[PDB]
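Okay, model16.txt now, which holds compact mmCIF, N, CA, C and O atoms:
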```txt
# COMPACT_ATOMS: atom_id res chain seq x y z
N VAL A 1 0.83 -1.20 0.00
CA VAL A 1 0.00 0.00 0.00
C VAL A 1 0.87 1.25 0.00
O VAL A 1 0.63 2.20 -0.76
N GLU A 2 1.89 1.28 0.86
CA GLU A 2 2.77 2.46 0.83
C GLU A 2 3.46 2.59 -0.53
O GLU A 2 3.61 3.70 -1.05
N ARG A 3 3.88 1.47 -1.11
CA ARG A 3 4.56 1.51 -2.39
C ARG A 3 3.65 2.07 -3.48
O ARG A 3 4.07 2.90 -4.29
N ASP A 4 2.39 1.63 -3.50
CA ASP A 4 1.45 2.12 -4.51
C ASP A 4 1.16 3.60 -4.31
O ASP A 4 1.04 4.35 -5.28
N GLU A 5 1.02 4.04 -3.06
CA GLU A 5 0.79 5.46 -2.80
C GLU A 5 1.96 6.30 -3.29
O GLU A 5 1.78 7.33 -3.95
N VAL A 6 3.18 5.85 -2.99
CA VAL A 6 4.36 6.57 -3.45
C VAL A 6 4.43 6.56 -4.97
O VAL A 6 4.83 7.55 -5.59
N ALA A 7 4.05 5.44 -5.59
CA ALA A 7 4.07 5.36 -7.05
C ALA A 7 3.07 6.33 -7.67
O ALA A 7 3.35 6.93 -8.71
N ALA A 8 1.89 6.47 -7.07
CA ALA A 8 0.92 7.44 -7.57
C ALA A 8 1.46 8.85 -7.48
O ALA A 8 1.36 9.65 -8.43
N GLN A 9 2.06 9.19 -6.33
CA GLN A 9 2.69 10.51 -6.20
C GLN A 9 3.76 10.69 -7.26
O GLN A 9 3.85 11.75 -7.90
N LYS A 10 4.58 9.66 -7.47
CA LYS A 10 5.64 9.73 -8.47
C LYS A 10 5.07 10.00 -9.85
O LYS A 10 5.55 10.89 -10.56
N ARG A 11 4.05 9.23 -10.25
CA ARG A 11 3.48 9.38 -11.58
C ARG A 11 2.93 10.78 -11.78
O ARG A 11 3.10 11.38 -12.85
N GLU A 12 2.27 11.32 -10.75
CA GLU A 12 1.81 12.69 -10.84
C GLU A 12 2.99 13.63 -11.06
O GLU A 12 2.90 14.57 -11.86
N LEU A 13 4.10 13.40 -10.36
CA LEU A 13 5.26 14.27 -10.51
C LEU A 13 5.81 14.22 -11.94
O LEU A 13 6.10 15.27 -12.52
N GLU A 14 5.99 13.03 -12.50
CA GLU A 14 6.52 13.00 -13.87
C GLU A 14 5.53 13.58 -14.87
O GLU A 14 5.94 14.22 -15.84
N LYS A 15 4.22 13.39 -14.66
CA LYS A 15 3.27 14.00 -15.58
C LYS A 15 3.37 15.52 -15.53
O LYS A 15 3.39 16.19 -16.57
N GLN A 16 3.47 16.08 -14.32
CA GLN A 16 3.63 17.52 -14.19
C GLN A 16 4.92 17.99 -14.85
O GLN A 16 4.94 19.01 -15.54
N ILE A 17 6.01 17.25 -14.66
CA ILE A 17 7.29 17.63 -15.25
C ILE A 17 7.18 17.63 -16.77
O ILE A 17 7.65 18.56 -17.44
N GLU A 18 6.56 16.59 -17.33
CA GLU A 18 6.42 16.50 -18.78
C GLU A 18 5.56 17.64 -19.32
O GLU A 18 5.85 18.18 -20.39
N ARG A 19 4.51 18.02 -18.59
CA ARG A 19 3.60 19.04 -19.10
C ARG A 19 4.32 20.35 -19.39
O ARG A 19 3.80 21.16 -20.17
N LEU A 20 5.48 20.58 -18.79
CA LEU A 20 6.25 21.79 -18.98
C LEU A 20 7.39 21.61 -19.98
O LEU A 20 8.26 22.49 -20.08
N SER A 21 7.41 20.51 -20.72
CA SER A 21 8.60 20.12 -21.46
C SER A 21 8.73 20.85 -22.79
O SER A 21 9.67 21.62 -23.00
N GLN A 22 7.80 20.61 -23.71
CA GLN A 22 7.95 21.02 -25.10
C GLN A 22 6.63 21.55 -25.64
O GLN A 22 5.57 21.25 -25.09
N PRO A 23 6.68 22.36 -26.71
CA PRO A 23 7.91 22.95 -27.27
C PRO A 23 8.39 24.04 -26.33
O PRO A 23 9.58 24.22 -26.09
N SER A 24 7.41 24.77 -25.82
CA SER A 24 7.55 25.57 -24.61
C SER A 24 6.45 25.11 -23.67
O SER A 24 5.27 25.11 -24.05
N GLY A 25 6.83 24.70 -22.46
CA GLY A 25 5.90 24.06 -21.55
C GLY A 25 4.53 24.70 -21.52
O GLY A 25 4.37 25.85 -21.09
N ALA A 26 3.54 23.96 -22.00
CA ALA A 26 2.17 24.45 -22.16
C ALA A 26 1.28 23.22 -22.36
O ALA A 26 1.71 22.09 -22.13
N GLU A 27 0.04 23.46 -22.79
CA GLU A 27 -0.89 22.37 -23.08
C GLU A 27 -0.54 21.73 -24.43
O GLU A 27 -1.35 21.64 -25.35
N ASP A 28 0.70 21.24 -24.51
CA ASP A 28 1.27 20.76 -25.76
C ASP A 28 0.60 19.50 -26.29
O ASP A 28 0.96 19.05 -27.38
N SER A 29 -0.35 18.91 -25.55
CA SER A 29 -1.00 17.69 -26.03
C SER A 29 -1.60 17.90 -27.41
O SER A 29 -1.34 17.14 -28.34
N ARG A 30 -2.42 18.94 -27.56
CA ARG A 30 -2.93 19.36 -28.85
C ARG A 30 -2.48 20.75 -29.25
O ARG A 30 -2.58 21.09 -30.44
N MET A 31 -1.97 21.55 -28.32
CA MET A 31 -1.52 22.89 -28.66
C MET A 31 -0.49 22.86 -29.78
O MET A 31 -0.40 23.80 -30.57
N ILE A 32 0.30 21.79 -29.87
CA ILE A 32 1.29 21.66 -30.93
C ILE A 32 0.58 21.75 -32.27
O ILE A 32 0.67 22.77 -32.97
N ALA A 33 -0.20 20.72 -32.61
CA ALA A 33 -0.88 20.69 -33.90
C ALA A 33 -1.70 21.96 -34.11
O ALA A 33 -1.68 22.54 -35.20
N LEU A 34 -2.39 22.42 -33.07
CA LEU A 34 -3.14 23.66 -33.17
C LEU A 34 -2.25 24.85 -33.50
O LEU A 34 -2.74 25.86 -34.01
N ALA A 35 -0.94 24.75 -33.22
CA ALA A 35 -0.02 25.86 -33.42
C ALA A 35 0.66 25.83 -34.79
O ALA A 35 0.66 26.83 -35.50
N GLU A 36 1.25 24.69 -35.17
CA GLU A 36 1.89 24.66 -36.49
C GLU A 36 0.87 24.52 -37.62
O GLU A 36 1.15 24.98 -38.74
N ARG A 37 -0.29 23.91 -37.38
CA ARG A 37 -1.27 23.81 -38.45
C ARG A 37 -1.67 25.18 -38.98
O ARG A 37 -2.01 25.32 -40.16
N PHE A 38 -1.62 26.20 -38.13
CA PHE A 38 -1.89 27.58 -38.52
C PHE A 38 -0.62 28.40 -38.40
O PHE A 38 0.22 28.15 -37.53
N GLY A 39 -0.47 29.39 -39.28
CA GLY A 39 0.73 30.20 -39.30
C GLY A 39 0.80 31.15 -38.12
O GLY A 39 0.89 32.37 -38.30
N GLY A 40 0.77 30.60 -36.91
CA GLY A 40 0.81 31.39 -35.70
C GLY A 40 1.90 30.90 -34.76
O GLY A 40 2.63 29.95 -35.05
N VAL A 41 1.99 31.59 -33.62
CA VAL A 41 3.00 31.30 -32.61
C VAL A 41 2.33 31.29 -31.24
O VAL A 41 1.40 32.06 -30.99
N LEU A 42 2.82 30.42 -30.36
CA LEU A 42 2.28 30.35 -29.01
C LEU A 42 2.50 31.67 -28.29
O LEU A 42 3.60 32.24 -28.32
N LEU A 43 1.45 32.16 -27.62
CA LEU A 43 1.58 33.39 -26.85
C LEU A 43 2.58 33.22 -25.71
O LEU A 43 3.40 34.11 -25.46
N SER A 44 2.52 32.08 -25.01
CA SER A 44 3.48 31.83 -23.94
C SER A 44 4.90 31.87 -24.47
O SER A 44 5.79 32.48 -23.84
N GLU A 45 5.15 31.24 -25.61
CA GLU A 45 6.47 31.33 -26.23
C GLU A 45 6.79 32.77 -26.60
O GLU A 45 7.93 33.22 -26.44
N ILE A 46 5.81 33.50 -27.12
CA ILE A 46 6.03 34.90 -27.46
C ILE A 46 6.50 35.67 -26.24
O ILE A 46 7.38 36.53 -26.32
N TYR A 47 5.90 35.38 -25.08
CA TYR A 47 6.34 35.94 -23.80
C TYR A 47 7.30 35.01 -23.07
O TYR A 47 7.34 35.01 -21.83
N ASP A 48 8.07 34.20 -23.80
CA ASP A 48 8.96 33.24 -23.15
C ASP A 48 10.02 33.93 -22.31
O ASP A 48 10.37 33.46 -21.22
N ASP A 49 10.56 35.05 -22.80
CA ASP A 49 11.72 35.68 -22.18
C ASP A 49 11.35 36.75 -21.16
O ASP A 49 12.26 37.42 -20.65
N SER B 1 15.04 15.57 -25.82
CA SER B 1 16.14 16.35 -26.37
C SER B 1 16.22 16.19 -27.88
O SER B 1 16.46 17.16 -28.61
N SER B 2 16.04 14.96 -28.38
CA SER B 2 16.07 14.75 -29.82
C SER B 2 14.94 15.51 -30.50
O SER B 2 15.14 16.12 -31.55
N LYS B 3 13.74 15.47 -29.91
CA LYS B 3 12.63 16.20 -30.51
C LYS B 3 12.92 17.70 -30.54
O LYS B 3 12.65 18.38 -31.54
N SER B 4 13.50 18.23 -29.46
CA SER B 4 13.84 19.65 -29.42
C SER B 4 14.87 20.00 -30.48
O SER B 4 14.78 21.05 -31.13
N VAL B 5 15.88 19.14 -30.65
CA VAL B 5 16.90 19.38 -31.67
C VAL B 5 16.26 19.44 -33.05
O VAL B 5 16.55 20.33 -33.86
N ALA B 6 15.37 18.48 -33.34
CA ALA B 6 14.71 18.48 -34.64
C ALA B 6 13.91 19.76 -34.85
O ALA B 6 13.96 20.37 -35.92
N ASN B 7 13.16 20.17 -33.82
CA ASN B 7 12.33 21.36 -33.96
C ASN B 7 13.18 22.60 -34.18
O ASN B 7 12.82 23.47 -34.98
N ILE B 8 14.30 22.72 -33.47
CA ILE B 8 15.14 23.91 -33.63
C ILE B 8 15.78 23.93 -35.01
O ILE B 8 15.90 24.99 -35.63
N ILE B 9 16.18 22.76 -35.52
CA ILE B 9 16.70 22.71 -36.88
C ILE B 9 15.63 23.19 -37.86
O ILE B 9 15.90 23.99 -38.76
N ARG B 10 14.40 22.71 -37.69
CA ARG B 10 13.33 23.11 -38.59
C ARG B 10 13.08 24.62 -38.52
O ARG B 10 12.90 25.28 -39.55
N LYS B 11 13.08 25.17 -37.31
CA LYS B 11 12.82 26.59 -37.14
C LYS B 11 13.91 27.43 -37.80
O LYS B 11 13.62 28.42 -38.48
N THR B 12 15.17 27.04 -37.60
CA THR B 12 16.26 27.78 -38.22
C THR B 12 16.18 27.70 -39.74
O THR B 12 16.43 28.69 -40.43
N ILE B 13 15.84 26.52 -40.27
CA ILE B 13 15.72 26.39 -41.72
C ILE B 13 14.64 27.31 -42.25
O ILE B 13 14.82 27.99 -43.27
N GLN B 14 13.49 27.34 -41.57
CA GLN B 14 12.40 28.21 -42.02
C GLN B 14 12.83 29.68 -41.98
O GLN B 14 12.56 30.44 -42.91
N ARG B 15 13.49 30.09 -40.89
CA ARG B 15 13.91 31.48 -40.78
C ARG B 15 14.89 31.85 -41.89
O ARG B 15 14.78 32.93 -42.49
N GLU B 16 15.85 30.98 -42.17
CA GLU B 16 16.82 31.28 -43.21
C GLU B 16 16.17 31.32 -44.58
O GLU B 16 16.51 32.17 -45.41
N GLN B 17 15.22 30.42 -44.85
CA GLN B 17 14.51 30.47 -46.12
C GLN B 17 13.77 31.79 -46.26
O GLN B 17 13.80 32.41 -47.33
N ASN B 18 13.11 32.23 -45.19
CA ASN B 18 12.40 33.50 -45.25
C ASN B 18 13.36 34.65 -45.53
O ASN B 18 13.07 35.53 -46.35
N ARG B 19 14.50 34.67 -44.84
CA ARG B 19 15.44 35.77 -45.03
C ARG B 19 15.98 35.80 -46.45
O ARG B 19 16.10 36.87 -47.07
N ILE B 20 16.31 34.63 -47.00
CA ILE B 20 16.83 34.58 -48.36
C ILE B 20 15.76 35.00 -49.36
O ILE B 20 16.05 35.72 -50.33
N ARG B 21 14.52 34.58 -49.14
CA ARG B 21 13.45 35.00 -50.03
C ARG B 21 13.26 36.51 -49.98
O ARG B 21 13.03 37.15 -51.01
N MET B 22 13.36 37.09 -48.79
CA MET B 22 13.28 38.54 -48.67
C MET B 22 14.39 39.21 -49.47
O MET B 22 14.13 40.12 -50.27
N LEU B 23 15.63 38.77 -49.27
CA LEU B 23 16.75 39.37 -50.00
C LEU B 23 16.56 39.25 -51.50
O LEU B 23 16.92 40.15 -52.26
N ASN B 24 15.99 38.13 -51.95
CA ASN B 24 15.86 37.88 -53.37
C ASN B 24 15.04 38.94 -54.09
O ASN B 24 15.22 39.14 -55.30
N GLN B 25 14.16 39.65 -53.37
CA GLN B 25 13.26 40.58 -54.04
C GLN B 25 14.01 41.73 -54.70
O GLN B 25 13.55 42.27 -55.71
N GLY B 26 15.16 42.11 -54.16
CA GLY B 26 15.90 43.23 -54.71
C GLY B 26 16.56 42.97 -56.05
O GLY B 26 16.87 43.92 -56.77
N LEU B 27 16.78 41.70 -56.39
CA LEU B 27 17.43 41.33 -57.64
C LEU B 27 16.44 41.08 -58.76
O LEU B 27 16.85 40.69 -59.86
N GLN B 28 15.15 41.28 -58.52
CA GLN B 28 14.17 41.10 -59.57
C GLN B 28 14.38 42.14 -60.66
O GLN B 28 14.67 43.30 -60.39
N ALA B 29 14.23 41.70 -61.91
CA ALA B 29 14.31 42.57 -63.08
C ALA B 29 15.67 43.28 -63.15
O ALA B 29 15.79 44.50 -63.02
N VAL B 30 16.70 42.46 -63.34
CA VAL B 30 18.05 42.95 -63.63
C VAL B 30 18.38 42.53 -65.06
O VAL B 30 18.36 41.34 -65.38
N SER B 31 18.68 43.51 -65.91
CA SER B 31 18.85 43.30 -67.34
C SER B 31 20.34 43.20 -67.64
O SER B 31 21.06 44.20 -67.65
N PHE B 32 20.80 41.98 -67.90
CA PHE B 32 22.20 41.69 -68.18
C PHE B 32 22.25 40.75 -69.38
O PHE B 32 21.89 39.58 -69.27
N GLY B 33 22.69 41.27 -70.51
CA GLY B 33 22.65 40.48 -71.73
C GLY B 33 21.24 39.98 -71.95
O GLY B 33 20.29 40.77 -72.07
N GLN B 34 21.08 38.66 -72.00
CA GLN B 34 19.77 38.04 -72.02
C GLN B 34 19.27 37.67 -70.63
O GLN B 34 18.19 37.09 -70.51
N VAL B 35 20.03 37.98 -69.59
CA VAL B 35 19.63 37.68 -68.23
C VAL B 35 18.69 38.76 -67.73
O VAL B 35 18.96 39.96 -67.89
N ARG B 36 17.58 38.35 -67.13
CA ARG B 36 16.56 39.27 -66.66
C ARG B 36 16.24 39.14 -65.18
O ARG B 36 15.50 39.97 -64.65
N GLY B 37 16.76 38.12 -64.50
CA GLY B 37 16.50 37.95 -63.09
C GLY B 37 17.46 36.96 -62.47
O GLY B 37 18.01 36.09 -63.16
N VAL B 38 17.66 37.11 -61.17
CA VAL B 38 18.57 36.28 -60.40
C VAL B 38 17.88 35.84 -59.12
O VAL B 38 17.23 36.65 -58.45
N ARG B 39 18.03 34.57 -58.77
CA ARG B 39 17.42 34.02 -57.57
C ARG B 39 18.40 33.09 -56.86
O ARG B 39 19.18 32.38 -57.50
N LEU B 40 18.33 33.10 -55.53
CA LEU B 40 19.03 32.14 -54.70
C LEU B 40 18.01 31.08 -54.27
O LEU B 40 17.20 31.32 -53.37
N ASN B 41 18.05 29.92 -54.91
CA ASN B 41 17.13 28.84 -54.62
C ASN B 41 17.65 28.07 -53.41
O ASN B 41 18.78 27.58 -53.41
N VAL B 42 16.82 27.98 -52.37
CA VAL B 42 17.14 27.27 -51.14
C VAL B 42 16.16 26.12 -51.00
O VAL B 42 14.95 26.30 -51.18
N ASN B 43 16.67 24.94 -50.66
CA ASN B 43 15.83 23.76 -50.52
C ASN B 43 16.37 22.87 -49.42
O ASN B 43 17.53 23.00 -49.00
N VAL B 44 15.53 21.96 -48.95
CA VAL B 44 15.91 20.98 -47.94
C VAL B 44 16.16 19.66 -48.64
O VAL B 44 15.27 19.10 -49.28
N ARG B 45 17.39 19.15 -48.51
CA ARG B 45 17.74 17.89 -49.14
C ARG B 45 16.92 16.75 -48.54
O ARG B 45 16.74 16.67 -47.33
N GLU B 46 16.43 15.86 -49.41
CA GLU B 46 15.65 14.73 -48.93
C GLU B 46 16.49 13.85 -48.01
O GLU B 46 16.01 13.40 -46.96
N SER B 47 17.75 13.62 -48.38
CA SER B 47 18.60 12.75 -47.57
C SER B 47 18.71 13.26 -46.15
O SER B 47 18.95 12.47 -45.23
N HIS B 48 18.53 14.56 -45.94
CA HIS B 48 18.54 15.13 -44.60
C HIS B 48 17.14 15.42 -44.08
O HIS B 48 16.94 15.42 -42.86
N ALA B 49 16.17 15.66 -44.95
CA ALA B 49 14.80 15.84 -44.48
C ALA B 49 14.28 14.58 -43.81
O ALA B 49 13.66 14.63 -42.74
N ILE B 50 14.54 13.42 -44.42
CA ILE B 50 14.10 12.17 -43.82
C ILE B 50 14.84 11.91 -42.52
O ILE B 50 14.26 11.40 -41.55
```

Render the structure in this file as structure tokens.
Amino acid sequence: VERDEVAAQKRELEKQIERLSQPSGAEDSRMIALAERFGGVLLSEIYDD
Amino acid sequence: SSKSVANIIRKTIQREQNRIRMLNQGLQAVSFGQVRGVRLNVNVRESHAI
């Protein structure tokens, strides 16, 4: 039980880490295709710096 | 990291193509002998695109 609880916490941590990964950490699940399919740029990336 | 490398290569290629296309506009309609225009053709090699 302790192992499974720790594993759930772990999985949440890696999911959170991944969500910030690429191309610039955002809702990249579909934001990617939604972004390159149209000649636009992510606002968060625009304000990246 | 590999995905990021690929994306940055693609972005740089697009930017350079845009810049070269912009520069190309100034050489339109240059009359030299039978020559009437000059272009810098930029392309992505298939052997590297794949």

Is there a way to get, as an mmCIF file with N, CA, C and O atoms, keeping the file's coordinate frame, all residues within 12 Å of the point (9.3, 24.4, -35.2) in file coordinates, counting only C-alpha atoms?
```
data_model
loop_
_atom_site.group_PDB
_atom_site.id
_atom_site.type_symbol
_atom_site.label_atom_id
_atom_site.label_comp_id
_atom_site.auth_asym_id
_atom_site.auth_seq_id
_atom_site.Cartn_x
_atom_site.Cartn_y
_atom_site.Cartn_z
ATOM 1 N N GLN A 22 7.800 20.610 -23.710
ATOM 2 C CA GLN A 22 7.950 21.020 -25.100
ATOM 3 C C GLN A 22 6.630 21.550 -25.640
ATOM 4 O O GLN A 22 5.570 21.250 -25.090
ATOM 5 N N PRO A 23 6.680 22.360 -26.710
ATOM 6 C CA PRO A 23 7.910 22.950 -27.270
ATOM 7 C C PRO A 23 8.390 24.040 -26.330
ATOM 8 O O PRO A 23 9.580 24.220 -26.090
ATOM 9 N N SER A 24 7.410 24.770 -25.820
ATOM 10 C CA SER A 24 7.550 25.570 -24.610
ATOM 11 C C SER A 24 6.450 25.110 -23.670
ATOM 12 O O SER A 24 5.270 25.110 -24.050
ATOM 13 N N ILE A 32 0.300 21.790 -29.870
ATOM 14 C CA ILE A 32 1.290 21.660 -30.930
ATOM 15 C C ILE A 32 0.580 21.750 -32.270
ATOM 16 O O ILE A 32 0.670 22.770 -32.970
ATOM 17 N N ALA A 33 -0.200 20.720 -32.610
ATOM 18 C CA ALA A 33 -0.880 20.690 -33.900
ATOM 19 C C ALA A 33 -1.700 21.960 -34.110
ATOM 20 O O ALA A 33 -1.680 22.540 -35.200
ATOM 21 N N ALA A 35 -0.940 24.750 -33.220
ATOM 22 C CA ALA A 35 -0.020 25.860 -33.420
ATOM 23 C C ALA A 35 0.660 25.830 -34.790
ATOM 24 O O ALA A 35 0.660 26.830 -35.500
ATOM 25 N N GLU A 36 1.250 24.690 -35.170
ATOM 26 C CA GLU A 36 1.890 24.660 -36.490
ATOM 27 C C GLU A 36 0.870 24.520 -37.620
ATOM 28 O O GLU A 36 1.150 24.980 -38.740
ATOM 29 N N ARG A 37 -0.290 23.910 -37.380
ATOM 30 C CA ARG A 37 -1.270 23.810 -38.450
ATOM 31 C C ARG A 37 -1.670 25.180 -38.980
ATOM 32 O O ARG A 37 -2.010 25.320 -40.160
ATOM 33 N N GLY A 39 -0.470 29.390 -39.280
ATOM 34 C CA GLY A 39 0.730 30.200 -39.300
ATOM 35 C C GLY A 39 0.800 31.150 -38.120
ATOM 36 O O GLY A 39 0.890 32.370 -38.300
ATOM 37 N N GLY A 40 0.770 30.600 -36.910
ATOM 38 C CA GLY A 40 0.810 31.390 -35.700
ATOM 39 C C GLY A 40 1.900 30.900 -34.760
ATOM 40 O O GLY A 40 2.630 29.950 -35.050
ATOM 41 N N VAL A 41 1.990 31.590 -33.620
ATOM 42 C CA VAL A 41 3.000 31.300 -32.610
ATOM 43 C C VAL A 41 2.330 31.290 -31.240
ATOM 44 O O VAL A 41 1.400 32.060 -30.990
ATOM 45 N N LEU A 42 2.820 30.420 -30.360
ATOM 46 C CA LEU A 42 2.280 30.350 -29.010
ATOM 47 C C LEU A 42 2.500 31.670 -28.290
ATOM 48 O O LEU A 42 3.600 32.240 -28.320
ATOM 49 N N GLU A 45 5.150 31.240 -25.610
ATOM 50 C CA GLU A 45 6.470 31.330 -26.230
ATOM 51 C C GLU A 45 6.790 32.770 -26.600
ATOM 52 O O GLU A 45 7.930 33.220 -26.440
ATOM 53 N N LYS B 3 13.740 15.470 -29.910
ATOM 54 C CA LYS B 3 12.630 16.200 -30.510
ATOM 55 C C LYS B 3 12.920 17.700 -30.540
ATOM 56 O O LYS B 3 12.650 18.380 -31.540
ATOM 57 N N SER B 4 13.500 18.230 -29.460
ATOM 58 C CA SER B 4 13.840 19.650 -29.420
ATOM 59 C C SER B 4 14.870 20.000 -30.480
ATOM 60 O O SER B 4 14.780 21.050 -31.130
ATOM 61 N N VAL B 5 15.880 19.140 -30.650
ATOM 62 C CA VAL B 5 16.900 19.380 -31.670
ATOM 63 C C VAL B 5 16.260 19.440 -33.050
ATOM 64 O O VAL B 5 16.550 20.330 -33.860
ATOM 65 N N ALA B 6 15.370 18.480 -33.340
ATOM 66 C CA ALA B 6 14.710 18.480 -34.640
ATOM 67 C C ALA B 6 13.910 19.760 -34.850
ATOM 68 O O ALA B 6 13.960 20.370 -35.920
ATOM 69 N N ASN B 7 13.160 20.170 -33.820
ATOM 70 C CA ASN B 7 12.330 21.360 -33.960
ATOM 71 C C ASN B 7 13.180 22.600 -34.180
ATOM 72 O O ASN B 7 12.820 23.470 -34.980
ATOM 73 N N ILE B 8 14.300 22.720 -33.470
ATOM 74 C CA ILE B 8 15.140 23.910 -33.630
ATOM 75 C C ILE B 8 15.780 23.930 -35.010
ATOM 76 O O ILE B 8 15.900 24.990 -35.630
ATOM 77 N N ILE B 9 16.180 22.760 -35.520
ATOM 78 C CA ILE B 9 16.700 22.710 -36.880
ATOM 79 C C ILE B 9 15.630 23.190 -37.860
ATOM 80 O O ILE B 9 15.900 23.990 -38.760
ATOM 81 N N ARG B 10 14.400 22.710 -37.690
ATOM 82 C CA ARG B 10 13.330 23.110 -38.590
ATOM 83 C C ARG B 10 13.080 24.620 -38.520
ATOM 84 O O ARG B 10 12.900 25.280 -39.550
ATOM 85 N N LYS B 11 13.080 25.170 -37.310
ATOM 86 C CA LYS B 11 12.820 26.590 -37.140
ATOM 87 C C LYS B 11 13.910 27.430 -37.800
ATOM 88 O O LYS B 11 13.620 28.420 -38.480
ATOM 89 N N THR B 12 15.170 27.040 -37.600
ATOM 90 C CA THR B 12 16.260 27.780 -38.220
ATOM 91 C C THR B 12 16.180 27.700 -39.740
ATOM 92 O O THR B 12 16.430 28.690 -40.430
ATOM 93 N N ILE B 13 15.840 26.520 -40.270
ATOM 94 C CA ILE B 13 15.720 26.390 -41.720
ATOM 95 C C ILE B 13 14.640 27.310 -42.250
ATOM 96 O O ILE B 13 14.820 27.990 -43.270
ATOM 97 N N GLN B 14 13.490 27.340 -41.570
ATOM 98 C CA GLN B 14 12.400 28.210 -42.020
ATOM 99 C C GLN B 14 12.830 29.680 -41.980
ATOM 100 O O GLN B 14 12.560 30.440 -42.910
ATOM 101 N N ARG B 15 13.490 30.090 -40.890
ATOM 102 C CA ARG B 15 13.910 31.480 -40.780
ATOM 103 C C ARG B 15 14.890 31.850 -41.890
ATOM 104 O O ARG B 15 14.780 32.930 -42.490
#
```

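In terms of minimum interatomic distance to chain B, A:21 ranks closest within A:29, A:21, A:16, A:44, counting only C-alpha atoms.
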
Using 5 Å of padding on each side, determine the axis-aligned box around all atoms of stretch 26-29 of chain B present in the file and give its centre and edge lengths in Å to one decimal, as AutoDock Vina command-line options.
```
--center_x 15.8 --center_y 42.6 --center_z -58.7 --size_x 13.3 --size_y 13.8 --size_z 19.0
```

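Atom O of residue B:26 lies 8.1 Å from atom N of residue B:38.
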
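We find atom C of residue B:23 and atom CA of residue B:36 to be spaced 15.2 Å apart.
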